[PDB]
Amino acid sequence: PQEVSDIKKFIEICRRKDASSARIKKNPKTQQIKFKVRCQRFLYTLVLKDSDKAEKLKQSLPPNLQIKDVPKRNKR
Amino acid sequence: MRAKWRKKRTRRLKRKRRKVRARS
Amino acid sequence: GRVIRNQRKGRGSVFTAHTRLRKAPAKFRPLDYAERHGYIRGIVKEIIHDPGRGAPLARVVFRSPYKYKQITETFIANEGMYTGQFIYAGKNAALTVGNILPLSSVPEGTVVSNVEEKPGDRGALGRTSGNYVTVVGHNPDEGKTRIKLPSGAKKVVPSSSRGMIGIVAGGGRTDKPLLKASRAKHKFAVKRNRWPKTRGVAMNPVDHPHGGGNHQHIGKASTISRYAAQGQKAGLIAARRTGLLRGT
Amino acid sequence: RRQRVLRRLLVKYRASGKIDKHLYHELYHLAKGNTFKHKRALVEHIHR
Amino acid sequence: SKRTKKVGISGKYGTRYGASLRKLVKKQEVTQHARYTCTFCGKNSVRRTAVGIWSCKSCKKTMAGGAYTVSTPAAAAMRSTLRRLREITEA
Amino acid sequence: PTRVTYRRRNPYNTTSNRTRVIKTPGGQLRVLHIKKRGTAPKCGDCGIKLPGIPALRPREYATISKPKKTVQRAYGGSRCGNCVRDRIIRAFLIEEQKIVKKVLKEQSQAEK
RNA sequence: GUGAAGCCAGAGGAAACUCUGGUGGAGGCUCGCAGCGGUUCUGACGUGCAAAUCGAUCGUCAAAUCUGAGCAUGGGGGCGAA
RNA sequence: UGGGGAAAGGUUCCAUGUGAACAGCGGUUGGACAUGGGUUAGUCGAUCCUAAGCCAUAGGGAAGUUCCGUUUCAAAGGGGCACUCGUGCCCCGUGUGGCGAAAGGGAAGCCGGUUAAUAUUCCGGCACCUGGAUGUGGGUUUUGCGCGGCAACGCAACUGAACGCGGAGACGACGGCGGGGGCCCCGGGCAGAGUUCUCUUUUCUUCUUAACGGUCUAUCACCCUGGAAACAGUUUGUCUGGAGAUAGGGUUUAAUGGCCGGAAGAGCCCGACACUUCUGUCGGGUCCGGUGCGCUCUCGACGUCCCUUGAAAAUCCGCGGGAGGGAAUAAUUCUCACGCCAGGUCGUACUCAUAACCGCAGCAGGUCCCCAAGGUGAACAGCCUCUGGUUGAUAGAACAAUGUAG
Ligand SMILES: [Zn+2]
Ligand SMILES: [Zn+2]
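Residues numbered from 1 in each chain as written, not as in the entry; some residues may be left out. Chains lettered and ligands numbered in written order. Part of a larger assembly, values for the part shown. Heavy atoms only, no water.

In its metadata, the entry names cryo-EM as the structure determination method and reports 3.0 Å as the resolution.

Next up, the structure:
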């Protein structure tokens, strides 16, 4: 697990030759948006508190990879 | 400074030089 | 009968010497050109305690005259030495406490310690806690020197024998009583397995020449001849005399 | 417990300025010796 | 508040070992646990570590001494005579 | 108040089987086996612990970058910093006293 | 439980010095659980639970204390606080 | 009389079935009988290093099986490079062999779930170490091998051969004191449960957060200014100070401390709907404080005792020294970030004991350790209780003598 303070370098990570997967979790209780991406060695997390930079960012990341919002209660 | 690092770095240097020489 | 106790000690099975905690033996340097014609210097790095002995030891570091290296030796420490001191060794070294001189470059009356019986054997004569030897007189022709030993006897040794100036540290170690069986046990448990000593008069006739009886008594005489059979020498061997001494 | 209480009080006074270092030192040694029994006794000595 | 009148440091031994031995060990025990003034740095911070080794807590120097005393009368006499002997012999 | 058990085959408390009681996100009390404690390197001639150098096991020192294992001056490691100052002073003075004595002896011998 | 050195304060005296209250925590010291041992009942059982055990009462308990694994000594030989 | 292990045991573990024999009575039950199934590792061990000790080599004894000998009166090795290619060349040397620890030294893995029987190994997620080849980003250089701080020193890097110096591995017993994790105790709040003739804003249970990283702090100690007697600072325990105290300002070894990622999507507690099953599904909650000569583990600064001073080796790092090599369109031997490949062999079931070991046996005997709740009480004393485990030792009837125990 590794942090990313800003937004610019986060897309730089996602725009890499081995970024295989990504996902998006939203917490209603604490009003938070977490962007998680899975590279070869580490798992990078970006935390946001806003509500509109969330969706607009999602169109900025490359189109080739996929994004699945995590569903509450996930079965084996 | 282990002998390994000294030997490994020299071997790595020699291999790169040999490739350059062949291309020339 | 069986073999008596003082015969079993020669097989070296249980009665050996414990030597795990001893690091090195105490000797001088070997003879060399430098010490034989001039002098060399060393540093006193540490002063340590080795178990099973009085007379603390001193670690001394010298350089090497032939190679790029440094050698370290272990001497017995004389009363007065301190860490960081400068020690000298050779023919032309001044005579202060600590120095190492050939015994011929020494005036009569000085006390020394750790003297070589023959030049090169690296120290044999006086090396216990608080003892010393004294020089008495010289013989420049056919060089030979007479010395007095800590027991009273006198000896003659070659003039190029070595001795290191001073008196061995450790002082009067044997002045306070041990006062406790535990202290005696701890004293001996780092040298040899000999402490608890049984009394031959309490033995059985199969065990010791003094053996049994309906009273505890030696029976025959206790003075044993010098040319006797192995297994008989148990008592006062070759005694010239008995009783309390008076004159000396 | 008692020793800590007395020493804690004394440093407070010296910093505030109610006493100075000479009286402080004298009282500290008077306290190490079994002189004062509790906090009340100490202040009375200071006041006198 | 003296707690004794003659026994002293040898009071740990209770009523054991006999009066004369207790009184005789006091002579060495009292001077072994004492504290002597250093010779190189001047502070009063010298204590015994081993049977013949002494060291200063402040300068970290170490010195070989007596068994139960930083120095012994026999050693001091020898050093003085030897120093006197050498000077006249070389003069 | 649940009681715990070891997790390896060594049942003895032999100064190399070190434990630590922990509570787990499952609501249980377990044990983790921890390693021994590091130690800081000492000075080459005085004996005190050098400041600015971590305290690790003798093999973990092979994965750390150099500027984290030394300080930036002569005799970086193995010397505390007060002892090194003595070295410069001592060296300089001995050299100075050397030349003056040498010149004094030769000039005096020249006088004869 | 008792309370040795070292340290703090006070009081008496012309002086030499002596007393009193604290602090501290030494000892092959002491009462007493677990472990170790085996005094008495000359108790139980005595073709036994057992080819040496069971019960009550006892000795020591911070040191000459108790103990595991690896190694050495071999029969007129070993080892033995005997 | 609980939960797990070392030595020892060797299928005793699990399922299905069962006549006779065994379980000193019975037996539908069994550690017995019959038929099948069950033990997955780069991270746990062995494998590596030496200790006490054992055995080869050079040699010398003895008629001989063999005894001594372990650095000794020995010509005893190991390092580098290039070809066309194996052949050839060039340097350093007194040498200095093997075995021996599942409790000594030692590179690296945690959580959740799963089977009738295994799991730190299987499944999902998130990491780490060693070895080997290689590329991109960044760094350095025309003053050829970095800058800043007075200083202790700091940072994402920031050449270093022969030879040499030093540090870590690396170590006794006891006494009190301080910090931290875990347990115990007290108050409030939300859910569920017990009791209720009378009383009790009542009693009980759950309220959890791993390895691995980032960032901010934490005793000792060290640096700068200045110069102390009317002596001061100060520990429970009198040590410290012109060899530089008090005071003011700083640097640094040491997290099992706070916050963030991992991480709520997990686990746990309630409520509401469905139905032969194959099956499930949707709502909530998962907080805030205090206290202590409390018990246990660990860390730190102190002190005491010794005619007692309390192991060695493999492996890794630092420094002194300056051999060689290196750019101006690139060159690069940068211990920085990311990226590629691989990690062989054997053990892993179960018991560890009033029935799985040794005592002729399913024997009141013996056999090395780890964790340790509430009450009374000085207390691991004795007595009662909760979690957890048992209810197993041939039975029924009557109460004479003599017994054993009270
Ligand atoms: Zn001194
Ligand atoms: Zn230093």
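1. Concerning the overall build of chain C
Regarding its fold elements, chain C presents three helices and 12 strands. The globule rule puts the C-alpha radius of gyration for 248 residues at 18 Å, and the 23 Å found for chain C is more than 25% above it. Along the three orthogonal principal directions, the C-alpha set of chain C runs to about 70 × 45 × 35 Å. Taking all 248 residues of chain C together, 33% fall into the buried category. Across chain C, the fraction of contacts at a sequence separation of at least 24, relative to all contacts at a separation of at least 6, is 53%. (Helix = DSSP H or I, 4+ residues; strand = E, 2+ residues; numbered from the N terminus. Rg over C-alpha atoms; globule rule 2.2 N^0.38 Å. Buried < 20%, exposed > 50% of the residue type's maximum accessible area, 1.4 Å probe, protein only. Contact = heavy atoms within 4.5 Å.)

2. What to know about the sheet that holds strand 2 (residues 53–56) of chain E
Residues and elements named next belong to chain E. On the basis of which strands lie adjacent, the open sheet formed by three strands has the order 1-2-3 and antiparallel pairing. For this open sheet the edge positions go to strand 1 (46–48) and strand 3 (62–64), each flanked by a neighbour on one side alone. Strand after strand, the sheet turns through a mean of 30 degrees between neighbouring axes, direction not considered. Of the pairings in the sheet, the one linking strand 1 to strand 2 comprises three bridges and is antiparallel in character. Pairing of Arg48 across the sheet is with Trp54, part of strand 2. (Pairing = 2+ DSSP bridges. Axes fitted to C-alpha atoms, helices over the stretch in contact; angles between N-to-C directions.)

3. Considering the protein's contact with RNA strand G
Taken together, 28 residues lie around RNA strand G, and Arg8, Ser13 and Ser182 of chain C together with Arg3 and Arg16 of chain E are the ones closest in. Sugar and phosphate atoms constitute 59% of the interface atoms of RNA strand G, taking the interface as everything within 4 Å of the protein. Here a phosphate oxygen of RNA strand G and a side-chain polar atom of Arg3 of chain E are 3.0 Å apart. Take the surface near RNA strand G: its biggest share by element is three residues, from helix 3 (residues 181–188) of chain C. A class-by-class count of the residues in the surface near RNA strand G yields nine nonpolar, 10 polar and nine charged. (Near = heavy atom within 4 Å. Polar contact = N/O pair within 3.5 Å; in protein donor to acceptor, adjacent residues only side chain to side chain. Nonpolar A, V, L, I, M, F, W, Y, C, P; charged D, E, K, R; others polar.)

4. Focus on the interface of chain E and chain C
Contact with chain E, which involves 27 residues of that partner, is made by 32 residues of chain C. Here chain E and chain C share an interface that buries about 2,500 Å² over both sides, 74% of which is from carbon and sulfur atoms. When the area that chain E buries against chain C is broken down by residue, the three leading residues are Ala64, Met78 and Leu82 of chain E, summing to 19%. Where chain E packs against chain C, one counts zero salt bridges. In this assembly, chain E and chain C are joined by seven residue pairs in polar contact. (Buried area = accessible area lost by both parts, 1.4 Å probe. Salt bridge = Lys/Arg side-chain N within 4 Å of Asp/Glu carboxyl O.)

5. Here we look at the packing of aromatic side chains
Residue and element names in this part refer to chain C. Under the definition given, this model contains nine aromatic pairs over all chains. Taken together, a centroid distance of 5.7 Å and an interplanar angle of 85 degrees make the contact between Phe28 and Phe75 edge-to-face. Of this pair, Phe28 sits in the loop between helix 1 (5–8) and helix 2 (33–37) while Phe75 sits in strand 3 (residues 70–76), and the two are 47 residues apart along the sequence. Judged by its relative accessible area of 0%, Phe28 is buried. Considering the side-chain rings of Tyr39 and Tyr88, the 5.9 Å spacing of their centres and the 45 degrees angle between planes classify their relative orientation as tilted. With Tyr39 in strand 1 (residues 39–48) and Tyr88 in strand 4 (residues 86–90), the pair connects residues that are 49 residues apart, well separated along the chain. (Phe/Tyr/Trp six-rings, centres within 6.5 Å; stacked < 30°, edge-to-face > 60°.)

6. Digging into the protein's contact with RNA strand H
Taken together, 122 residues lie near RNA strand H, and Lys36 of chain A, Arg11 of chain B, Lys43 of chain E together with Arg30 and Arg73 of chain F sit nearest. Restricting the count to atoms of RNA strand H within 4 Å of the protein gives a sugar and phosphate share of 72%. Between RNA strand H and the protein, one listed contact pairs a sugar or linking oxygen with a side-chain N or O atom of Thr24 of chain F at 3.3 Å. Residue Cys80 of chain F places a main-chain N or O atom 3.5 Å away from a phosphate oxygen belonging to RNA strand H. Among the elements that take part in the surface near RNA strand H, helix 1 (residues 3–23) of chain B stands out by supplying nine residues, more than any other.

7. Side note on the coordination of the zinc ion (ligand 1)
Residues and elements named next belong to chain E. The zinc ion (ligand 1) binds to the protein through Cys38 (SG), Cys41 (SG), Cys56 (SG) and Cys59 (SG), with metal-donor distances spanning 2.3 Å. Every donor counted, the four donor atoms about the zinc ion (ligand 1) form angles of 101 to 121 degrees at the centre, which fits tetrahedral coordination. Residue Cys56 is classed as buried on the basis of its relative accessible area, which comes to 6%. (Donors = N, O, S within 2.8 Å, 3.2 Å for Na, K, Ca; no water. Tetrahedral: all angles 85-135°; square planar, octahedral: opposite > 155°, others 65-115°.)

8. Topic: the coordination of the zinc ion (ligand 2)
Residue and element names in this part refer to chain F. Coordination of the zinc ion (ligand 2) by the protein is provided by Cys43 (SG), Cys46 (SG), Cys80 (SG) and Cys83 (SG), with metal-donor distances spanning 2.4 to 2.5 Å. One way to put it: the four donor atoms around the zinc ion (ligand 2) meet at angles of 89 to 132 degrees, and that makes the site tetrahedral. In the primary sequence, the donor residues of the zinc ion (ligand 2) line up as C-x2-C-x33-C-x2-C. Here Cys83 lies in helix 1 (residues 82–111) and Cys46 lies in the loop between strand 2 (29–31) and helix 1, a separation of 37 residues in the sequence. When its relative accessible area of 37% is taken as the criterion, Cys46 is described as partly exposed. On the basis of relative accessible area, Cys83 is assigned to the buried category, the value being 16%.

9. Let's talk about helix 1 (residues 2–16) of chain D
Residues and elements named next belong to chain D. The first and last C-alpha atoms of helix 1 sit 22 Å apart over 15 residues, in line with the 21 Å expected at 1.5 Å per residue. By the burial criterion, the buried members of helix 1 are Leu6, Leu9, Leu10 and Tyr13. Down the axis, helix 1 shows its buried residues gathered within 100 degrees of arc, on one side only. Among the exposed residues of helix 1, those pointing more than 90 degrees away from its buried face are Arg4, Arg8, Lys12 and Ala15. Close packing links the buried residues of helix 1 with helix 2 (21–32) and helix 3 (39–47). Just downstream of helix 1 lies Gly17, where phi reads positive at about 120 degrees. (Expected span 1.5 Å × (residues − 1). Arc of directions from axis to C-beta.)

10. Details of the environment of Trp195 of chain C
Residues and elements named next belong to chain C. Checked against the element boundaries, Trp195 lands in the loop between helix 3 and strand 11 (223–224). The class of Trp195 is partly exposed, set by a relative accessible area of 31%. Here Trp195 is in contact with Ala181, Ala184, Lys185 and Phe188, once residues within four sequence places are set aside.

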